[PDB]
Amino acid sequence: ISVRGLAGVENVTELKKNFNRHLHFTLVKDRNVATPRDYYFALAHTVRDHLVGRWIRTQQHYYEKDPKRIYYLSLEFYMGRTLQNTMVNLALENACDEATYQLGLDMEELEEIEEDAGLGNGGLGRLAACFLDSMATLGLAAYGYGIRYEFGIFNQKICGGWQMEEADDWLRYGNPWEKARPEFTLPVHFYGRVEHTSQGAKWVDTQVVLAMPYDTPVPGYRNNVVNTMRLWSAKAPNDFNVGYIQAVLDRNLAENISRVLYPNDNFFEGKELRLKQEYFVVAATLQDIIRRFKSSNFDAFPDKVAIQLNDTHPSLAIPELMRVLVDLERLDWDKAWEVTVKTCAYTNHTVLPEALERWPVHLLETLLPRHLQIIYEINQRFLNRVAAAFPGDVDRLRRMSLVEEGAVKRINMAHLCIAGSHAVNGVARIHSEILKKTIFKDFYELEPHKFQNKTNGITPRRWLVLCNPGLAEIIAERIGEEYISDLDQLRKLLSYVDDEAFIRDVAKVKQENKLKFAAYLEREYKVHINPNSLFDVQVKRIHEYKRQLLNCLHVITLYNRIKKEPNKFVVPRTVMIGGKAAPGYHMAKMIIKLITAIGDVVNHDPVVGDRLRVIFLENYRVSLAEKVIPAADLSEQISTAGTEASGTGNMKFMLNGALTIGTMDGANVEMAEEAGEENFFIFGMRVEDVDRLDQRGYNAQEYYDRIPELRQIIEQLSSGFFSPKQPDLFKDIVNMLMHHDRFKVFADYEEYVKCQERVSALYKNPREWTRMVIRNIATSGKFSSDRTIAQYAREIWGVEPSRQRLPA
């Protein structure tokens, strides 16, 4: 495979030498005692050595040229594995493959030993990871700042069809990629009280937690640029017998701040420990930013600094920057505010109101008393501007306030972000339009210039070259390698839609990926599947808005049709659903149980045979995405219109040769626009249709009464067909669908089933299926995160990207 790079004689020799050096001196093993894990670590240390010179030279280069620096603040970085990604971006993959082969080792076996860095929940966390790759590839002086969670997203086990959570102890064996920087440790303050002096406000009597940074290299694609991801770890300050012992053990309370990722991406809870995490990353990060700024007045700060807020989770950056500039640097309020607004920009990732951060005032008053005072002052000055622009509009003042009245007074962190940012963006054209028309309509009317769109993207390094080398190679054969850092070049593939050789090659790559994935399932999970079946895949977090339940209704429809006419031909399918449920989300846990319960019936019915299989993919995570997405024929993107801000899984499937069945939601709209609606399986209500249904009121009973196939399914669920031992098991699911369904599952059922029949019809014609796939891959170029980051750079940050290489 040419895209995997050169295996030079001298290169392979030096890699074998450095591998043996690390096995002996670093791991303190010989080849007699060494396990596969030791071999993985020797390889990881060998590859890491190639980053170091480029890492030092890149940071030296930024010190000398002093470019504007981009600070990407996120509570989540969903990085996955690093070894293969590093080899790809340094052009070392073939050399390491050869070197390990010559030492009697299978490199693909060693790659499987690495733990995922699971420091995120899903889309928001994975976007941050794709963005770091694109910022390095585009030569931006960019730093990712976050928390080094000791425990990432939980490992999912399925026991009796139920999700169980296990701690993700990802640092158990060590992390060869990070470098502890205990020398750059910074203090973070909590609690205390404000006293007003002659000189101004002073925040006193605080408790201190130390923020210790760990730096991870972020290599650009073959440009010798290595940027930094700096993650903060919480450390206690060093300040009778049981009393002395207990004081040492109580250090754990401070260190708990960085212990564990909150897994509730569905529902904001308002936990004190989460607020501590948010302030911890903000306070440590801003001291680091200001230190770097002063090391080569504050008028130039926005010319040298951009802070990008990944949702409201780091929104305390706005009042913390005001606190430092006013209280410590003694800038006047108006000058500090000008600097803050020009520095900060905010990205929104959902319109669902239960996910929005609204912190109780009493929590902020106790933990961050000076921040609450600054937020009140921001609010008063903001509402003074609203009053002057819309005189007499007293309801607008209530609606736009950063302070929400009620039983419990709360701060709306989204309102704070809009007030304190020069740019607010959604993550797909339809989402950005919904922000301006609905939830932020009042803010758009006051400051229309702030509101932007930045359609999401995915890195084609991880999401094509790394996970699908077969497809990357047959593309490179025709159009060369330049497309890997310029994905718009895939448009050249439209010239090959009638090329019999290319059609055969695209279909062969998919067949190989499906055999490989079918094998993985048998080996690791003792599961057998028909690799000639259509691979129908829905992988994403379990949320009612994502409508895994609509997919379930289709699966039961196909099962019932087969039982009714057993001797009729149907296109064989393997229906695969995977994703984690948030631990407290009862309905999400019941939906996983329904999927496994359907599998229990369908997969053991002798009349069905190998015509229908339903598999729940356990422990969906970045490493499993890299295996299943290249194997997929059909991508399920079936959110209720107006609920999925963008989606990024959708883009991964498009790039890897799956066709999409989807609603006109999030980026699906732009994907259909790029490929042509004739090359997408689009069904269901548009946003306008959902609004009209809400106006007259959604009555699920009407659909149950009018669609006999739907009635039969509800009767089967209610009566215990899928839970014979426990017949009322799914009553909560039935009750939600019939009486309390916010996401209108029944309203899209008929169009979905009809559209799935059209998928089955096209799959019976392999040549026409593959030609439609080529039209999708060829038009996936817009969905490169390189395009997304170039737009952030030019339209928000005010910096020019570069594909110019640094010297090696």
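Throughout, rigid core stands for the largest set of C-alpha atoms superposing within 1.5 Å between the two forms. The numbering used is simple: start at 1 and walk along the sequence shown.
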Fitting on the rigid core only, I'd like to know which of the two stretches, 259-267 or 301-309, ends up farther away in Cα terms in 7 other deposited structures of this protein.
259-267
Can you check whether 786-794 or 5-13 lies farther from the displayed model in 7 other deposited structures of this protein, averaging C-alpha distances as RMS after superposing on the core?
5-13
Gap at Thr596 across at least one third of the other PDB entries
no
Using a one-third cut-off over the other compared PDB entries, is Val242 one of the residues left without coordinates?
yes
Where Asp239 meets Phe240 in the shown sequence, the number of deposited residues left unmodelled:
4 to 9
I'd like to know the size of any gap between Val242 and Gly243, counted in deposited residues with no coordinates: none, 1 to 3, 4 to 9, or 10 or more.
1 to 3
Looking at the entry, does 644-652 or 400-408 show the higher mean C-alpha B-factor?
400-408
As the entry reports it, the stretch among 277-285 and 361-369 with higher mean C-alpha B factor is 361-369
Per the entry's Cα B factor values, which of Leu416, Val602, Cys467, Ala667 stands out as the maximum?
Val602
Highest-ranked of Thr82, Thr228, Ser421, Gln726 once sorted by CA temperature factor in the record
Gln726
Please place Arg259 in the lowest, middle or highest third of its chain by C-alpha B factor as given in the entry.
lowest
In terms of the CA temperature factor given in the entry, to which third of its chain does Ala201 belong: lowest, middle or highest?
highest
By the recorded C-alpha temperature factor, relative to the other modelled residues in its chain, which third is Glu795 in?
middle
Assert third(CA B-factor, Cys755) within chain per record equals middle
Taking the C-alpha B-factors as the PDB entry records them, is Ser74 in the lowest, middle or highest third of its chain?
lowest
